[PDB]
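1. got an experimental structure here, sequence first:
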Amino acid sequence: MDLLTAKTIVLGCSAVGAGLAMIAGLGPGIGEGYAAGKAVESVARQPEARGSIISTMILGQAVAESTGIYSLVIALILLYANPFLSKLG
Amino acid sequence: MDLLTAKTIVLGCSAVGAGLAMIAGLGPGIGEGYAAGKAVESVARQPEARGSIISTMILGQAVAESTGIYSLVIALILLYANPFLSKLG
Amino acid sequence: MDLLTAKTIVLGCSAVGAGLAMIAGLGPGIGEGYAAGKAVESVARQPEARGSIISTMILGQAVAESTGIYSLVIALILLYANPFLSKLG
Amino acid sequence: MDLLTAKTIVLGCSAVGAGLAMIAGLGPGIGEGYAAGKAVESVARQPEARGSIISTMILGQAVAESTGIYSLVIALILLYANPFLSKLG
Amino acid sequence: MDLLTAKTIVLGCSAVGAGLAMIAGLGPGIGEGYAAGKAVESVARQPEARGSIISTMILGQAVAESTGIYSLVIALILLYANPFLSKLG
Amino acid sequence: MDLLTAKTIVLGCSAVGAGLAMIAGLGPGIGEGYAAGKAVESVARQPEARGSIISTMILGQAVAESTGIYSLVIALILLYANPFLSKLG
Amino acid sequence: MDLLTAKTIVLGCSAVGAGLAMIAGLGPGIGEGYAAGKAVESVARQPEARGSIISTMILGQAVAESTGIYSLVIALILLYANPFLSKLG
Amino acid sequence: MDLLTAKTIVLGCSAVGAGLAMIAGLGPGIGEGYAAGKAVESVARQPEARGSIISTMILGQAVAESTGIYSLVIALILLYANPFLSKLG
Amino acid sequence: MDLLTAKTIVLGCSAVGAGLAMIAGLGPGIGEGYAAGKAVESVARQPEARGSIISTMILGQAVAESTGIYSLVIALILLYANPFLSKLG
Amino acid sequence: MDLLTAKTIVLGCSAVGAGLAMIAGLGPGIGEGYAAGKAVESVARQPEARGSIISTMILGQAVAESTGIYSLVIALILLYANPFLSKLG
Amino acid sequence: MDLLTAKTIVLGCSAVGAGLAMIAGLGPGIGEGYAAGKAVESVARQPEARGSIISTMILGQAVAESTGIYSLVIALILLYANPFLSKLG
Ligand SMILES: CCCCCCCCCCO[C@@H]1O[C@H](CO)[C@@H](O[C@H]2O[C@H](CO)[C@@H](O)[C@H](O)[C@H]2O)[C@@H](O)[C@H]1O
Ligand SMILES: CCCCCCCCCCO[C@@H]1O[C@H](CO)[C@@H](O[C@H]2O[C@H](CO)[C@@H](O)[C@H](O)[C@H]2O)[C@H](O)[C@H]1O
Ligand SMILES: CCCCCCCCCCO[C@@H]1O[C@H](CO)[C@@H](O[C@H]2O[C@H](CO)[C@@H](O)[C@H](O)[C@H]2O)[C@H](O)[C@H]1O
Ligand SMILES: CCCCCCCCCCO[C@@H]1O[C@H](CO)[C@@H](O[C@H]2O[C@H](CO)[C@@H](O)[C@H](O)[C@H]2O)[C@H](O)[C@H]1O
Ligand SMILES: CCCCCCCCCCO[C@@H]1O[C@H](CO)[C@@H](O[C@H]2O[C@H](CO)[C@@H](O)[C@H](O)[C@H]2O)[C@H](O)[C@H]1O
Ligand SMILES: CCCCCCCCCCO[C@@H]1O[C@H](CO)[C@@H](O[C@H]2O[C@H](CO)[C@@H](O)[C@H](O)[C@H]2O)[C@H](O)[C@H]1O
Ligand SMILES: CCCCCCCCCCO[C@@H]1O[C@H](CO)[C@@H](O[C@H]2O[C@H](CO)[C@@H](O)[C@H](O)[C@H]2O)[C@H](O)[C@H]1O
Ligand SMILES: CCCCCCCCCCO[C@@H]1O[C@H](CO)[C@@H](O[C@H]2O[C@H](CO)[C@@H](O)[C@H](O)[C@H]2O)[C@H](O)[C@H]1O
Ligand SMILES: CCCCCCCCCCO[C@@H]1O[C@H](CO)[C@@H](O[C@H]2O[C@H](CO)[C@@H](O)[C@H](O)[C@H]2O)[C@H](O)[C@H]1O
Ligand SMILES: CCCCCCCCCCO[C@@H]1O[C@H](CO)[C@@H](O[C@H]2O[C@H](CO)[C@@H](O)[C@H](O)[C@H]2O)[C@H](O)[C@H]1O
Ligand SMILES: CCCCCCCCCCO[C@@H]1O[C@H](CO)[C@@H](O[C@H]2O[C@H](CO)[C@@H](O)[C@H](O)[C@H]2O)[C@H](O)[C@H]1O
Ligand SMILES: CCCCCCCCCCO[C@@H]1O[C@H](CO)[C@@H](O[C@H]2O[C@H](CO)[C@@H](O)[C@H](O)[C@H]2O)[C@H](O)[C@H]1O
Ligand code: NA
Ligand code: NA
Ligand code: NA
Ligand code: NA
Ligand code: NA
Ligand code: NA
Ligand code: NA
Ligand code: NA
Ligand code: NA
Ligand code: NA
Ligand code: NA
């Protein structure tokens, strides 16, 4: 096996691996969508409390967002800063 | 391995990886759909407050949209600005 | 490898990638169905607000449709404007 | 590679991608079923508004169906108007 | 590659695509079951409105069934009216 | 490729295709479960209407069952009346 | 190829297919679990009607169990009454 | 093909098939957890009806466990009472 | 085929099969989490009955845990007490 | 087959198998999230009961976590104490 | 097999396995989002309790986050501190 073959296989697997990691993004999309609906209902029933409600929404959603970011970071690593390449040469 | 074989395998894996990443889009669809439903419900109870209600809906949905955008970017990178090619030669 | 073999595998992987991307469309189907169901319910309780109900539904459903559109775009690119072909040689 | 081998792989992959795409159909199935159930409970509680309830059900369901149509079209294309065949010769 | 090999591979990928397509059938199973649940509950509360209740259920369920039917059509095509064969010559 | 190799591959893919299709059975499993629960609650609340409730449960569950049967038929066809065999021999 | 090879591949694919088919069992597990929860709640609110409530629960679960059985029959066929073997040698 | 090769492939496939079957166990876990939750809620409100609330819970959970057992049996057969080795020779 | 190759393939397949089986663990995670949720609001509303509430939760969750254990067992067997090795070959 | 080839393949399958096992962690995330939401709702209603609410939350969440831990243990075993290598040499 | 091929195939499998592990992150995303929605709703209805409402959310979400963190750790190990390399040469 030459070096070109080594990179080809590893980067190819890296591409598939990156795609698989990104699937996790469906979760925050669902969970934050729920926090959004609750906010819509809450500002409707109690308009004078709007600012407090939005802050609580953004705070809650930001936390729910993290595992989305984890997947993104993993993907970007496999794409732009692949740790495997240095192990071949 | 010749270069043409190397690129073929990598770009092919990139196509599959891109499709997998896009699956995440199901999440925001569900989540934002929920936010839509609550707006519908809230507008019926308080038709005069519509403006503030959709305003809150859009803000929430926008945040719920992000992980969909992350996947789209990753896919578009793999298709149009593939980072693996330069590593192959 | 010759050119015909290159395109063949890249296009083949592109077809699968397109199919995978379109799976995301299940999301909006669920989410918008939820908005639809809330519209039905709302029209039944406040029938006088039917016009405001329907227009809120459409708008919210339009927003939740977006990631379904993203996937469709990715799939059509892969099928009709494949950006891998011109990278092979 | 000869034309037949090139056609074989491209069409074989096209068959899998089309099947993958059709998986999206479960979404509208769930979402529309929800709208249907809300319609049932509503014409019972409010039999005076049956016309506008069923009218609202159909419209909301139709919008919810669109991504199912998207995937069906992609499948139909891969099946009957395959765009990869022309890239082969 | 000879014609028998061509047909073998293409048909094999078709059997798999068909199975994948049929997966979508889980959606309508969930949605229509929900519509049935509301119908059961509605018949109990308004025993005399059973006619309109059930009629509403069937109509809504029929709509929800459609994408399960699309998948069944795609599968039957791949099995009994395969469009790929006439391309191999 | 000889006849035996052809039949082996296409039948092998057919077994996998049948199993994939059978995955759709989870849907009616869930949906009909929901209708069952609503029946348990409703019969306990409205004993005078038991027969009308159970009858409503069965009809609704039967409609929900349909896509499960579709899958079962496709699986049965692939297993006992395989339509690919006459295209290979 | 020889007989042993033909049978090996087919029986091998049949193992995976049987496994895939069994995945559908998750549905009835969810659906019936839901019916059980409703039974519990009904019994709590009306302890004297425990026998009647249970009876309704078992009936509704029997119906929900059906597609799990379908998947089980398909898997048992592939393992014990494999219809592909007579198609080979 | 020699006998060892035949045994290796089928058992290899059998191992994968067994794991796929076990995936189904997730359903019963969800459904029974729901029943468990209803028991917890019911025991608190009607503590006089405990035991009767518990026994109903166990019964319902027992029923919901069935498809999980089916998958266990299939997995146990593939691992210990493999019905394919008998066909190899 | 030699015995080292035979064991390599069978164990490799066994590793994947163990991973697949463990996926089932998500179900009990969802179900028991629900039971925990009901327990929390019950002890809030009915502080005196805390002993009975925690007791029902543990029992109910124990039941829901079983299929998770079934999968853990299958996995452990595949890893430490592999029943395939002694049939090679 | 040489030893290095044997180890390569079995470890390669172990990496994939471990990744599959970790997928189960999505369950506890959903489940424990639900428990957390019930705690929030409960602390809002009985702010003074916060301490006992947290205790119950932590308990049930701990139970719900178990199958996540199982999956993790299975993965760490495959990575750090692989039970297959000894069978190969 | 030489060292380069061994490293290559293992790292390649490690990338995929890393991606599979990251899928679990969707769970916490859903779960934490749910807790977020409850906070949004609670904070509105009970302004005097915002402090304990928010703190309870953060705590519960943190517990819900753990299995995502586990998957992240596994992925980071496979990418940056690969345990299989040490066993090849
Ligand atoms: C998930 C989707 C996966 C899709 C995978 C598609 C894989 C396509 C592989 C192509 O590799 C070629 O197919 C050729 C044609 O049938 C072979 O003979 C071709 O190559 C030969 C040398 O190996 C000689 O005939 C000449 O070089 C050339 O004809 C060639 O097998 C092998 O190189
Ligand atoms: C999840 C995604 C998984 C993706 C897996 C993709 C696997 C792609 C395999 C491509 O096959 C390789 O092609 C090289 C180029 O043809 C061969 O080396 C060549 O140069 C080598 C070094 O000289 C020579 O030995 C020969 O030409 C041949 O062996 C090499 O052996 C062969 O394996
Ligand atoms: C943080 C986000 C940053 C986004 C940055 C986007 C930058 C895009 C630069 C162009 O991207 C790719 O670079 C490859 C490498 O230059 C090009 O392949 C070209 O060069 C390769 C060799 O380097 C060859 O193998 C290819 O065949 C040849 O097309 C490829 O076409 C091009 O799309
Ligand atoms: C999920 C996505 C999966 C994507 C998988 C893609 C797999 C690609 C496998 C390619 O296999 C190699 O293809 C080369 C052709 O591309 C062959 O070259 C040969 O035939 C070539 C021409 O086709 C000739 O140039 C020579 O024989 C040598 O160069 C080589 O033997 C063959 O092993
Ligand atoms: C969605 C799933 C799609 C799956 C598509 C699968 C397509 C498979 C195409 C196989 O094509 C054949 O592959 C052989 C290899 O298998 C080639 O010969 C090659 O086999 C070797 C490949 O290097 C040569 O070196 C040897 O001489 C030769 O017999 C042969 O020419 C080629 O036509
Ligand atoms: C989910 C989808 C799964 C799809 C699986 C598809 C599997 C395809 C397997 C490989 O096909 C090989 O194809 C060669 C193609 O050429 C044949 O070649 C043979 O007949 C060839 C000519 O057709 C001859 O050159 C020789 O027998 C050898 O080269 C023969 O079938 C076999 O070696
Ligand atoms: C979910 C999808 C699962 C897909 C599984 C696909 C499995 C494909 C197995 C292919 O098996 C090979 O086929 C070749 C076909 O050619 C055989 O060639 C032999 O018999 C051939 C003719 O059929 C002869 O030419 C020679 O023995 C050699 O060329 C060879 O023995 C056989 O092992
Ligand atoms: C769901 C999983 C399904 C898995 C199915 C796996 C099927 C494997 C069939 C293997 O049959 C063997 O295949 C070899 C090739 O791999 C043949 O190689 C032998 O023949 C070859 C092809 O002609 C070349 O290696 C040289 O010619 C010769 O080694 C060999 O005779 C043939 O018996
Ligand atoms: C999810 C399922 C995964 C399945 C993975 C495993 C698939 C099958 C792998 C290969 O098994 C092959 O069987 C051939 C026989 O059919 C062997 O032939 C050899 O021994 C043969 C005779 O037994 C000889 O002819 C030669 O060594 C060559 O032809 C060959 O070495 C061996 O590798
Ligand atoms: C999740 C499923 C993963 C499945 C992974 C399967 C990986 C491939 C397994 C089979 O590999 C073959 O084994 C043969 C031995 O059985 C080797 O024989 C060789 O050494 C043999 C004798 O030991 C010789 O006869 C020849 O080199 C050829 O016949 C052959 O080269 C090698 O390719
Ligand atoms: C869950 C993911 C699991 C991924 C598992 C990936 C396993 C990859 C195994 C690759 O094994 C190699 O395959 C070569 C063939 O492609 C063999 O070539 C040999 O036998 C070949 C024919 O089978 C011969 O041509 C020569 O011995 C050489 O070319 C070689 O020995 C064998 O080590
Ligand atoms: C998701 C997981 C995906 C895993 C994909 C793994 C793909 C592995 C392809 C391996 O191809 C084999 O090993 C070497 C690659 O170059 C080549 O043999 C050659 O190279 C070896 C490594 O240098 C030597 O040991 C052999 O002697 C020599 O014939 C062999 O022909 C080639 O088929
Ligand atoms: Na998070
Ligand atoms: Na987001
Ligand atoms: Na959107
Ligand atoms: Na739509
Ligand atoms: Na429809
Ligand atoms: Na139906
Ligand atoms: Na049924
Ligand atoms: Na059952
Ligand atoms: Na259980
Ligand atoms: Na647990
Ligand atoms: Na946790």
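-> Sure thing, it's come through. Residues are numbered from 1 along each chain as shown, chains lettered A, B, ... in the order given. Ligands and ions are numbered 1, 2, ... in the order given.

2. quick one: the helices in chain A?
-> Assigned helices in chain A, in chain order: A:3-22, A:26-45, A:50-80 (criterion: DSSP state H).

3. in the last one, what counts as buried?
-> Of the residues in helix A:50-80, those with enough neighbours to count as buried (16 or more other C-beta atoms under 10 Å in any protein chain shown) are A:50, A:52-54, A:56-61, A:63-72, A:74-79. Placement of C-beta: from N, CA and C, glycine included.

4. okay, now residue A:2: neighbour count?
-> Neighbour count of residue A:2, defined by other C-beta atoms under 10 Å in any protein chain shown: 9.

5. count the residues that sit near the closest residue to it other than its chain neighbours.
-> Leaving aside its sequence neighbours, residue A:2 sits nearest to residue B:1 (C-beta to C-beta, 6 or more residues apart in numbering or on different chains; 6.1 Å). Neighbour count of residue B:1, defined by other C-beta under 10 Å: 17.

6. does residue B:1 touch residue A:3 like I think?
-> No - contact between residue B:1 and residue A:3 fails when scored by C-beta atoms under 8 Å: they sit 9.2 Å apart.

7. check contacts around the residue nearest to residue A:2.
-> Listed by C-beta atoms under 8 Å, 6 or more residues apart in numbering or on different chains, the contact set of residue B:1 reads A:2, A:4, A:5, A:8.

8. ok, it to ligand 12 distance?
-> Distance of residue B:1 to ligand 12, given as C-beta to the nearest ligand atom, to the nearest Å: 8 Å.

9. ok, that residue to chain F distance?
-> With distances taken as C-beta to the nearest C-beta, to the nearest Å, residue B:1 is found 28 Å from chain F.

10. if you drop the residues flanking it in sequence, what lies closest to the closest residue to ligand 4 within chain A?
-> Among the residues of chain A, residue A:16 lies nearest to ligand 4; the distance is 6.4 Å by C-beta to the nearest ligand atom. Nearest residue to residue A:16 in three dimensions, chain neighbours excluded: residue B:17, at 4.9 Å (C-beta to C-beta, 6+ apart).

11. equivalent analysis for residue A:60, please.
-> Nearest residue to residue A:60, sequence neighbours excluded (C-beta to C-beta, 6+ apart): residue K:36, at 2.6 Å.

12. isn't the one you found right next to residue A:65, touching?
-> No - the pair residue K:36 / residue A:65 is not scored as a contact, 10.0 Å apart, by C-beta under 8 Å.

13. up against chain J, what does chain A have?
-> Residues of chain A lying close to chain J by C-beta under 8 Å from any C-beta of the partner chain are A:27, A:31, A:67.

14. can you tell me how far the first one is from chain F?
-> Using C-beta to the nearest C-beta, one obtains 20 Å as the distance from residue A:27 to chain F.

15. which residues touch that residue?
-> By C-beta under 8 Å, 6+ apart, the residues touching residue A:27 are A:67-68, B:27, B:67, J:26, J:29, K:25-30, K:33.

16. for ligand 20, what's the nearest residue on chain A?
-> residue A:30 (27.7 Å; C-beta to the ion).

17. in chain A, which residue sits nearest ligand 7?
-> residue A:16 (18.3 Å).

18. ok, back up a step: the residue nearest to residue A:16 touches residue A:23, doesn't it?
-> No - taking contacts as C-beta under 8 Å, residue B:17 lies outside contact range of residue A:23: 10.9 Å.

19. burial measure for the closest residue to residue A:33 other than its chain neighbours, as a count.
-> Leaving aside its sequence neighbours, residue A:33 sits nearest to residue B:31 (C-beta to C-beta, 6+ apart; 1.8 Å). Using other C-beta under 10 Å, residue B:31 has 36 neighbouring residues.

20. if I read this right, residue A:36 contacts residue B:60, doesn't it?
-> Yes - in this structure, residue A:36 is within contact of residue B:60 by C-beta under 8 Å, at 2.6 Å.

21. identify the contacts common to the two.
-> Counting by C-beta under 8 Å, 6+ apart, the contacts common to residue A:36 and residue B:60 are A:57, A:61, B:35.

22. and residue A:20, how far is that from residue A:43?
-> Distance, residue A:20 to residue A:43, using C-beta to C-beta, to the nearest Å: 38 Å.

23. which residues touch the residue nearest to residue A:28 when sequence neighbours are not counted?
-> Once flanking residues are discounted, residue A:28 sits nearest to residue K:29: 3.7 Å by C-beta to C-beta, 6+ apart. Each residue near residue K:29 by C-beta under 8 Å, 6+ apart is listed here: A:24-32, A:64-65, A:67-68, B:27, B:67, J:29, K:68.

24. again, only this time at 7 Å
-> Residues in contact with residue K:29 (C-beta atoms under 7 Å, 6 or more residues apart in numbering or on different chains) are A:24, A:27, A:28, A:30, A:31, A:64, A:67, A:68.

25. residues contacting the last one?
-> Pointing back at residue A:68 there. Residues in contact with residue A:68 (C-beta under 7 Å, 6+ apart) are A:24, A:25, A:28, B:67, B:70, K:29.

26. farthest pair within those residues?
-> Pairwise distances across the contacts of residue A:68 peak at 12.2 Å for B:70 and K:29 (criterion: C-beta to C-beta).

27. distance check, the residue nearest the centre of chain A against residue E:53.
-> With distances taken as C-alpha atoms, centre = their mean, residue A:68 lies nearest the centre of chain A, 2.0 Å away. In this view, residue A:68 and residue E:53 are 43 Å apart by C-beta to C-beta.

28. do the same with residue A:73
-> Distance of residue A:73 to residue E:53, computed by C-beta to C-beta: 52 Å.

29. quick check: residues of chain A near ligand 13?
-> Contact residues (C-beta under 5 Å from the ion) of chain A with ligand 13: A:66, A:67.

30. need the residues of chain A near ligand 14, please.
-> Selection of chain A residues close to ligand 14 by C-beta under 5 Å from the ion yields A:28, A:32, A:65.

31. wait, the first one sits on residue B:67?
-> It stands for residue A:28. Yes - contact criterion C-beta atoms under 7 Å: residue A:28 and residue B:67 qualify, at 5.1 Å.
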